[PDB]
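At position 60 of the sequence shown the residue is numbered 60 (the deposited numbering), and the sequence of numbers has no breaks.
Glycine included, every Cβ here is placed at the ideal spot set by N, Cα and C.
Since the structure comes first, as structure tokens, the remarks are kept for the end.
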Amino acid sequence: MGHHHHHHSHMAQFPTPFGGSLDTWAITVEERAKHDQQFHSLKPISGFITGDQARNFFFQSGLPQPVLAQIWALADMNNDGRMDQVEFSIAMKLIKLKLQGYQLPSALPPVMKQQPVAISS
Numbered sequence: 001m002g003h004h005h006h007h008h009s010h011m012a013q014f015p016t017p018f019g020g021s022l023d024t025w026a027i028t029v030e031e032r033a034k035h036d037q038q039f040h041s042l043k044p045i046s047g048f049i050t051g052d053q054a055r056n057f058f059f060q061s062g063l064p065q066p067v068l069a070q071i072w073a074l075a076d077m078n079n080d081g082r083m084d085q086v087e088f089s090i091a092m093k094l095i096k097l098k099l100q101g102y103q104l105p106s107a108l109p110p111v112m113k114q115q116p117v118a119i120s121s
């Protein structure tokens with residue numbers, strides 16, 4: 001709780017496999033790399049973005065406002081208002097996934113988290 005920022009850019013190469021249907025609800029190392037390139041396009045202010053830029057990018061991608069609002073509320077679980085590259089790493093996949101004809105609740109599956117939190121009891 002209370003802000004965070006880790007712009008970790010680590011990638012070997014991005015190979016085009018044309019088979020992004022095996023990692024539907026999981027974050028692949030490709031997605032890990034992709035978050036940086038998409039973040040680049042997010043027009044970062046000083047190495048970071050914000051929820052205002054978040055809504056802008058995803059909306060500009062051709063998604064309806066209700067969908068856009070849902071995606072942002074799904075991205076940063078803590079609702080930090082900044083959306084760090086960590087949250088964006090899981091959020092970026094939503095735009096693509098929903099543009100494939102999908103929808104989802106306010107809770108991501110643990111496979112998509114990769115690191116499950118002990119926030120249940």
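Neighbourhood of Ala73 by C-beta distance below 8 Å, restricted to the same chain and skipping five residues each side: Here the question's residue 73 lines up with position 73 in the sequence shown. Around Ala73: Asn79, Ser106.
Contact under 8 Å by Cβ, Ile27 with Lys98: Taking the sequence shown and counting its residues from 1, the one referred to as residue 27 is at position 27. Taking the sequence shown and counting its residues from 1, the one referred to as residue 98 is at position 98. No, they are not a contact pair.
Taking a contact to mean a Cβ-Cβ separation below 8 Å, would you say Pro116 touches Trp25 in this structure? Mapped onto the sequence shown, residue 116 falls at position 116. Mapped onto the sequence shown, residue 25 falls at position 25. Result no, Cβ atoms of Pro116 and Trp25 do not sit closer than 8 Å.
Can you name, in chain order, every residue of its own chain whose Cβ lies under 8 Å from the Cβ of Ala75, other than the five neighbours on each side? Indexing the sequence shown from 1 puts residue 75 at position 75. Hits under 8 Å: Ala54, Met83, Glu87, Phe88, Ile90, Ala91, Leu94.
Rounded distance between the beta-carbons of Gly47 and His10, thought under 8 Å: Position 10 of the sequence shown, counting from 1, holds the residue named residue 10. Position 47 of the sequence shown, counting from 1, holds the residue named residue 47. No, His10 and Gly47 are not in contact; Cβ-Cβ is about 16 Å, not under 8 Å.
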